[PDB]
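Single-structure report; data block below.
All of this is worked out from the model, or read from it or from the source named; nothing here is a laboratory result. Cβ: placed from backbone, ideal geometry, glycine included. Neighbour counts: every protein chain shown.
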Number of protein chains: 2
Amino acid sequence: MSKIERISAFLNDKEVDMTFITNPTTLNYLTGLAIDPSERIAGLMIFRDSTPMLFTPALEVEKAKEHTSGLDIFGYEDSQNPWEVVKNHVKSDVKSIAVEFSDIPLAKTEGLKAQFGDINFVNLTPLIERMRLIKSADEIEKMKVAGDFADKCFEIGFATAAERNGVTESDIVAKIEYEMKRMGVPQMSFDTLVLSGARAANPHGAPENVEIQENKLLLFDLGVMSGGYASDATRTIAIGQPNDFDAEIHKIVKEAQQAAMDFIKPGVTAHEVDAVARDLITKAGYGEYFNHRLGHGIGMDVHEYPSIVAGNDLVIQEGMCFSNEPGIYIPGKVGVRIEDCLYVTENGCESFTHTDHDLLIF
Amino acid sequence: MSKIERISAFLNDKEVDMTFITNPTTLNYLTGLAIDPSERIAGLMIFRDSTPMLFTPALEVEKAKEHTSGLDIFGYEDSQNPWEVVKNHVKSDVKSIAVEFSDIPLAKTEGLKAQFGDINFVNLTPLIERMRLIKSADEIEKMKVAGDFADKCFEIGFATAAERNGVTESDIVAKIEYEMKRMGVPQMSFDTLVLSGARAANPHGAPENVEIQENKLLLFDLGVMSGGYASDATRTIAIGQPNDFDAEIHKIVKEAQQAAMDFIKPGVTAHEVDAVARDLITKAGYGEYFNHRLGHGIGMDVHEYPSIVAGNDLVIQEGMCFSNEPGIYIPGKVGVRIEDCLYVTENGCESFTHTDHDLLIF
Ligand SMILES: [Mn+2]
Ligand SMILES: [Mn+2]
Ligand SMILES: [Mn+2]
Ligand SMILES: [Mn+2]
């Protein structure tokens with residue numbers, strides 16, 4: 001089932017006339033074009049039974065025609081009212097438009113209403129989020145590229161911490177992000193976390209210009225955007241020899257994460273995956289300190305479906321991608337998290353990141 | 001002269017019951033709070049004749065109260081419907097709300113309508129833009145800090161280029177942004193441009209992992225966000241001895257930019273400022289190659305008002321801030337731009353950036 005066909009089937013089922021898709025990430029997802037319109041107007045118009053139309057600024061039309069296929073492409077000059085050009089091209093009859101409710105601003109829905117009349121807007125985002133749940137081989141490959149960058153970030157981060165000489169959490173963040181920028185990474189997927197010692201137990205912890213603590217653990221949670229797709233991974237290392245207590249917390253988290261990784265395959269449920277890690281940490285005596293769900297979906301965003309959490313009986317299927325990230329967080333003492341995102345295969349799963357999970361001493 | 005009083009006067013003039021201001025930059029402009037709510041809900045509610053209310057996510061309430069006065073601050077927990085919490089707190093009755101049409105997504109206006117009924121929305125953004133046109137002394141001081149960072153960026157950028165040894169445009173960009181990050185400047189005001197030789201003549205040029213050319217010029221266009229305010233500046237240097245033709249292009253741009261700077265004072269028009277530089281470049285024989293407006297406004301954004309462009313007879317006033325950035329772009333030969341942003345004073349103007357404008361050889 002092609003994604004565009006699926007949206008047309010939705011329009012026919014809901015008796016909605018057309019889409020006007022505006023989020024650049026959705027446009028890239030559905031057309032392959034990474035179109036940045038800024039505050040100029042772009043929109044993908046899928047219909048119940050007609051050729052899809054892609055509307056762009058005039059200076060993007062040449063290239064859109066070359067880098068997309070199957071779309072009827074037209075543009076507008078800055079001297080024109082974009083909504084008027086849309087109306088002039090969409091000839092009859094429009095009373096309902098499917099839009100992305102959290103993206104489209106009032107100026108755009110009012111612009112559409114000025115040309116088409118009193119239209120009923122319908123939210124397309126639930127459908128798009130459902131479509132994103134199962135990744136194609138092409139998407140999985142793009143996520144592997146992002147995962148390879150994340151592994152390089154760990155290598156850079158560990159080495160930067162080991163140099164000591166007053167290096168701070170924020171120093172390490174800057175160095176990681178500097179090396180990524182040099183390699184053409186447009187942005188990290190989320191704010192890089194480097195947290196020393198007990199600071200890693202703070203759920204709202206953020207790296208600051210504080211020196212990393214000797215003989216304490218050091219948490220690295222990081223990820224990049226590459227080719228439109230995200231990575232997300234956590235490793236916790238030791239700066240000098242840790243004490244026995246912190247080393248055992250790491251061992252517990254490490255084993256819980258590996259047990260969930262060894263368990264994941266099609267047919268198990270999200271609840272069951274969460275429980276493999278949660279039960280192990282709870283048996284070890286630290287259930288009170290593992291205070292978030294085991295995992296979240298990842299794709300173009302760092303936080304999408306599925307939710308790997310108690311009470312979700314969703315059956316895991318091939319092509320799902322999600323995090324596996326148990327942790328133990330004891331305020332004022334120690335925090336450990338170990339995280340990979342993974343994709344589900346026909347008969348198991350594979351991680352997007354391969355950095356050693358063991359407690360390495362630097 | 002309070003900004004809030006000015007908005008209340010608008011509501012009374014237009015017979016609008018209250019605001020629901022959502023853009024984080026506007027919220028900072030009017031309250032001083034740098035609140036990034038992300039996908040959680042925040043809103044500033046100014047009324048015709050009652051105390052202003054600030055609605056935030058629960059975890060932002062404590063900081064809102066600590067650093068504001070005169071606002072009634074209340075929050076909502078993630079378990080609550082934010083629109084219900086808003087409705088329960090507003091005891092006056094509401095039929096019209098002033099909002100920012102280009103910011104507020106359909107989910108938020110529909111959330112308001114679900115609780116308040118059939119609301120008439122009125123665009124507040126023309127007023128906000130009018131207020132932002134004239135900067136206070138406090139805003140100019142913050143913009144001077146951002147410009148001072150931009151000057152540090154040039155020093156770093158020039159030095160990184162001088163090291164040669166295969167350094168690329170993207171290498172230099174990465175080093176600039178790395179040093180800004182280390183100084184607590186996590187984001188630039190726009191995508192840093194470093195463009196070598198004929199690549200600087202491309203109006204859509206972007207830095208890539210290509211080595212900088214010897215005996216060609218090198219264009220640096222950059223700026224930072226600091227304290228909520230932006231900077232923006234361009235310098236063009238030489239990598240090794242330039243050729244005479246490129247050096248003369250630089251001289252023409254340099255003289256045109258300085259001539260416009262010497263001309264600016266209250267009472268001149270935007271058209272006249274543009275014409276000072278444009279007439280020089282045209283007399284020199286390169287009018288066809290100066291293919292953009294002389295300047296744009298700057299403030300919290302790098303793209304605001306006034307527009308320094310032919311046909312804009314706007315009278316320049318004290319406190320306006322804008323760029324002065326002539327350029328000559330000869331495809332496949334050379335591109336030179338020299339840019340400062342400036343603030344208009346009682347009897348002239350002053351620049352936000354002070355890096356040498358001369359054609360320096362590195
Ligand atoms: Mn993570
Ligand atoms: Mn995660
Ligand atoms: Mn610039
Ligand atoms: Mn500029």
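What do you reckon, is B:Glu208 without any contact (Cβ under 8 Å) to a residue 40 or more places away in the chain and under 28 Å from B:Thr168 (Cβ atoms)? It is false that B:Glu208 is without any contact (Cβ under 8 Å) to a residue 40 or more places away in the chain and under 28 Å from B:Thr168 (Cβ atoms). Output the number of the condition that B:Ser69 fails; it satisfies all remaining conditions of (1) more than 12 Å from every other protein chain (Cβ to nearest Cβ); (2) surrounded by 14 or more Cβ atoms within 10 Å (Cβ to Cβ); (3) within 20 Å of B:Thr25 (Cα to Cα). Just one mismatch for B:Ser69, condition (2).
Look at the range B:98-119 and say how many of its residues are touching a residue at least 24 places away in the same chain (Cβ under 8 Å), within 12 Å of another protein chain (Cβ to nearest Cβ) and not in a loop (DSSP other than H, G, I, E, B). Even if it seems obvious, please write down each step before you answer.
In the first step, residues of the range B:98-119 are kept if they are touching a residue at least 24 places away in the same chain (Cβ under 8 Å); the result is B:98-101, B:103-104, B:108, B:111-112, B:114-116, B:119.
With the extra rule that they be within 12 Å of another protein chain (Cβ to nearest Cβ), the set shrinks to B:98-101, B:103-104, B:108, B:111-112, B:119.
Keeping just the survivors that are not in a loop (DSSP other than H, G, I, E, B) gives B:98-99, B:108, B:111-112.
Count: 5.
Tell me which residues, restricted to the range A:154-199, are more than 13 Å from chain B (Cβ to nearest Cβ) and of a type in the set (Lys, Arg). Matches in the range A:154-199: A:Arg164, A:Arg199.
Which number in (1) part of a helix (DSSP H, G or I); (2) more than 25 Å from B:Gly332 (Cα to Cα); (3) in contact with a helix residue (DSSP H, G or I) (Cβ under 7 Å, 6 or more places away or on another chain) marks the one condition that B:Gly157 misses? Of the numbered conditions (1) part of a helix (DSSP H, G or I); (2) more than 25 Å from B:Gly332 (Cα to Cα); (3) in contact with a helix residue (DSSP H, G or I) (Cβ under 7 Å, 6 or more places away or on another chain), the odd one out for B:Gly157 is (2).
Could you list, in sequence order, the residues of the range A:169-190 that are of a type in the set (S, T, N, Q) and surrounded by 18 or more Cβ atoms within 10 Å (Cβ to Cβ)? Give the derivation first.
So in the range A:169-190, the residues of a type in the set (S, T, N, Q) come out as A:170, A:187, A:189.
Within the range A:169-190, A:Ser170, A:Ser189 meet the criteria.
Does B:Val302 satisfy being touching a residue at least 24 places away in the same chain (Cβ under 8 Å) and under 21 Å from B:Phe149 (Cβ atoms)?
Numbers: touching a residue at least 24 places away in the same chain (Cβ under 8 Å): yes; under 21 Å from B:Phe149 (Cβ atoms): yes.
Yes: the conditions hold for B:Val302.
When the range B:125-136 is filtered for residues that are under 23 Å from A:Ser102 (Cβ atoms) and more than 11 Å from chain A (Cβ to nearest Cβ), only B:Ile128 remains. Of the residues making up the range B:235-256, those that are surrounded by fewer than 24 Cβ atoms within 10 Å (Cβ to Cβ) and within 16 Å of ligand 4 (Cβ to nearest atom) number 0.
Taken together, the criteria place B:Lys181 among residues that are in a helix (DSSP H, G or I), under 21 Å from the mean Cα position of the chain (by Cα) and more than 17 Å from B:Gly147 (Cβ to Cβ).
Considering only the range A:88-106, state which residues are of a type outside the set (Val, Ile, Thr) and either touching a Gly at 6+ places or on another chain (Cβ under 8 Å) or crowded, with 17+ Cβ neighbours inside 10 Å (or both). Listed by number, the residues that qualify are A:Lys95, A:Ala98, A:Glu100, A:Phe101, A:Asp103, A:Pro105, A:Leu106.
Could you look through the range A:123-151, keep only residues that are in a loop (DSSP other than H, G, I, E, B) and among the basic types (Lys, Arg), and pick out the one that is surrounded by the most Cβ atoms within 10 Å (Cβ to Cβ)? Break it down into steps so the answer makes sense when it comes.
Within the range A:123-151, the subset in a loop (DSSP other than H, G, I, E, B) is A:124, A:132-136.
From what is left, the residues that are among the basic types (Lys, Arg) are A:132, A:135.
On the way: A:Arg132: 20, A:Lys135: 22.
Only one residue fits best here, namely A:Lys135.
For B:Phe220, the requirement of being within 16 Å of ligand 4 (Cβ to nearest atom), more than 21 Å from B:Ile140 (Cα to Cα) and assigned by CATH to the domain that holds B:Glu339 is met.
I'm checking my understanding of the structure. Among residues of the range B:231-248 that are part of a helix (DSSP H, G or I) and either within 14 Å of chain A (Cβ to nearest Cβ) or of a type in the set (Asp, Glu) (or both), which one is farthest from ligand 3 (Cβ to nearest atom)?
Filtering the range B:231-248 for residues part of a helix (DSSP H, G or I) gives B:244-248.
With the extra rule that they be either within 14 Å of chain A (Cβ to nearest Cβ) or of a type in the set (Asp, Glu) (or both), the set shrinks to B:244, B:246, B:248.
Numbers: B:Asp244: 27, B:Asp246: 20, B:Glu248: 23 Å.
The selected residue is B:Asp244.
Taken over the range B:2-24, residues that are among the charged types (D, E, K, R) and crowded, with 20+ Cβ neighbours inside 10 Å amount to 1. For the range B:202-230, the candidate set comprises residues that are of a type in the set (A, V, I, L, M, F, W, C) and within 13 Å of ligand 3 (Cβ to nearest atom); within that set, the residue that is farthest from the other protein chains (Cβ to nearest Cβ) is B:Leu219. Of the residues examined, A:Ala64 is not one that is touching a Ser or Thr at 6+ places or on another chain (Cβ under 6 Å), crowded, with 20+ Cβ neighbours inside 10 Å and either of a type in the set (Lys, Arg) or within 14 Å of another protein chain (Cβ to nearest Cβ) (or both). The residues of the range A:263-291 that are touching a residue at least 60 places away in the same chain (Cβ under 8 Å) and surrounded by fewer than 17 Cβ atoms within 10 Å (Cβ to Cβ), listed by number, are A:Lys265, A:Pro266, A:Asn291. If we scan the range B:191-199, do we find a residue that is surrounded by fewer than 24 Cβ atoms within 10 Å (Cβ to Cβ), away from ligand 3 (no atom under 16 Å from the Cβ) and within 14 Å of B:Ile156 (Cα to Cα)? Taking every residue of the range B:191-199 in turn, none turns out to be surrounded by fewer than 24 Cβ atoms within 10 Å (Cβ to Cβ), away from ligand 3 (no atom under 16 Å from the Cβ) and within 14 Å of B:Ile156 (Cα to Cα).
Residue-level check: of (1) farther than 24 Å from A:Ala159 by Cβ; (2) in contact with a helix residue (DSSP H, G or I) (Cβ under 9 Å, 6 or more places away or on another chain); (3) aliphatic (A, V, I, L, M), A:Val334 misses just (1). If you filter the range B:186-230 down to residues that are of a type in the set (A, V, I, L, M) and assigned to a loop (DSSP other than H, G, I, E, B), you find that the one that is nearest to ligand 1 (Cβ to nearest atom) is B:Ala206.
Considered as a group, the residues in the range A:82-111 that are among the polar types (S, T, N, Q) and within 19 Å of B:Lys113 (Cβ to Cβ) include one that is farthest from the chain's Cα centre (by Cα), and that residue is A:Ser96. Just so you know, in the range B:330-356 the residues that are closer than 15 Å to B:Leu217 by Cα and within 14 Å of ligand 3 (Cβ to nearest atom) include one that is surrounded by the most Cβ atoms within 10 Å (Cβ to Cβ), and it is B:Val336.
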